[PDB]
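Read the single chain below, which is given as structure tokens and is the form deposited in one PDB entry.
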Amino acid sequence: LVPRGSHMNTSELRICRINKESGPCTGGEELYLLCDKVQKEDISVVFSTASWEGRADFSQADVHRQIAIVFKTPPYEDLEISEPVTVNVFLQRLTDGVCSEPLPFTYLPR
């Protein structure tokens, strides 16, 4: 437990990433972050600067145990597309080839 300003930091609590790295100063924006183990009934998200502090709003129901898969995308068939093209992205199990419902993803021209 190392000191950090007016509070203590621990290696036990860790944020891996935030889906977006920026947003409107107006707030009320819905984002999501990935983190190591936390207790949904005893956690919070804080935004701060040396002299300012604001808390994010969420409920226990917004804390989900999920699996995150980091991956590199395959290139699209045609690298010369002049317009955006949105394909399907889905999971597929190797053993029985069963898949998941797809989610859209759009390839952008060069």
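Residues carry their position along the shown sequence, with the first being 1. By rigid core we mean the largest C-alpha set that fits within 1.5 Å across both forms.
- Comparing the deposited coordinates for 34-42 and 76-84, the stretch with the larger average C-alpha B-factor is 76-84.
- Once the C-alpha B-factors are averaged per stretch, 1-9 and 100-108 rank with 1-9 first.
- In the PDB entry, the Cα temperature factor peaks, among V89, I15, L94, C25, at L94.
Another form, the form deposited in another entry, is not on view; read the next lines as being about it.
- Superposed on the core, the two forms differ at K72: its CA moves 2 Å or more between this form and the one not shown.
- After superposition on the rigid core, displacement of the C-alpha of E101 between this form and the one not shown amounts to 2 Å or more.
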